[PDB]
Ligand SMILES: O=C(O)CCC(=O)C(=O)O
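First comes one chain, alone, set out as structure tokens in the form deposited without 2-oxoglutaric acid (AKG).
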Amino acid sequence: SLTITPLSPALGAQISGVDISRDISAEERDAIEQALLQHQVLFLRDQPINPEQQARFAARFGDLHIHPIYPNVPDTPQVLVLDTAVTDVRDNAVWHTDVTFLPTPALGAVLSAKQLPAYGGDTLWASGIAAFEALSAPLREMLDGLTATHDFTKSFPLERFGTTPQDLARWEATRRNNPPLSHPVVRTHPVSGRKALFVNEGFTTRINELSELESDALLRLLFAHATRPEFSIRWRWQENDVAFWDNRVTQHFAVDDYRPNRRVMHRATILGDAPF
């Protein structure tokens, strides 16, 4: 009785009729994968789960990352604990695609909502596929084939993360380990083949084949275009929600409007491959 209800023409669907606290069937798994490929971000409501169950579910869709730094669930290290009482979250309140400064950015993620404020803290997603398709033909033709530099320091500037000696030493180390690198401006989804804009305000600094002046103008245009309401959805969280999204062709934005109230999410991240 697995049911998929599209939320919006551009992206998003809600899944019901499946219980992911236990192992899903082969058919359910293929149905959800298909739903991911078509709808890009999937939501389940009233789906309480623990870390082990969250991990077993996410692992049906790829291999899982174990973060070395972020707080973790001890018995299930694939599940990262995001608790605002404990951890900074700043990088979330700006449109971004996860870790695109990496050679192989995350495939996507499964988020479970554990403890929420009464309201506030919505999360928006935008589809690079719908956004690319909506560009005029001359722009699609110009951009398809160009490359862009991505740089972690765009979201984690020395100005905010190098205030003290400890933080500074941390920043310089991350800088050293993640030099800027390039990805296609227009990414072909490695499974569906759907083409998507693949720049994001969070990490993209320069379209390589344009001059500095041109690149600045084109990126400002693309950042605005790709985050228009036509290409996005907005989720208002409820406890025990699960979100599962494809980070290869979307961006997201976490609204920062609920401080100082506590919010706790659990996150499992699926390893991705080289964008092309």
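Between two forms, the rigid core is the largest collection of C-alphas that superpose within 1.5 Å. Residues that one form lacks are left out of the comparison. One-based numbering along the sequence shown.
One more form of this protein, solved in complex with 2-oxoglutaric acid (AKG), exists but is not displayed; see below.
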{"query": "Contact test, all of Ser8, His225 and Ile233, partner 2-oxoglutaric acid (AKG) in the entry with it bound, heavy atom 4.5 Å", "finding": "no"}
{"query": "4.5 Å heavy atom contact, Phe61 and 2-oxoglutaric acid (AKG) in the entry with it bound", "finding": "no"}
{"query": "In the entry with it bound, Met265 touching 2-oxoglutaric acid (AKG) (heavy atom, 4.5 Å)", "finding": "yes"}
{"query": "Partner contact for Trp245 in the entry with it bound: 2-oxoglutaric acid (AKG), 4.5 angstroms, heavy atom", "finding": "yes"}
{"query": "Contact of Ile24 with 2-oxoglutaric acid (AKG) in the entry with it bound (heavy atom, 4.5 Å)", "finding": "no"}
{"query": "Listed residue that, although 2-oxoglutaric acid (AKG) is not shown, lies within 4.5 Å of it in the entry with it bound (heavy atoms), from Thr149, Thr153, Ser192, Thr123", "finding": "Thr123"}
{"query": "In the entry with it bound, the one of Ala130, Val185, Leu111, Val79 near 2-oxoglutaric acid (AKG) [non-hydrogen atom within 4.5 angstroms]", "finding": "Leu111"}
{"query": "Listed range touching 2-oxoglutaric acid (AKG), judged in the entry with it bound by heavy atoms within 4.5 Å, from 162-170, 71-79, 96-104, 176-184", "finding": "96-104"}
{"query": "Partner contacts in the entry with it bound for 231-252 (non-hydrogen atom within 4.5 angstroms of 2-oxoglutaric acid (AKG))", "finding": "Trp237, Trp245, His252"}
{"query": "Residue among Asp167, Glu133, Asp122, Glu141 with C-alpha shift of 2 Å or more between this form and the one not shown, core superposed", "finding": "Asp167"}
{"query": "Structural rearrangement between this form and the one not shown, runs of 3 or more with C-alpha shift of 2 angstroms or more, core superposed", "finding": "165-167"}
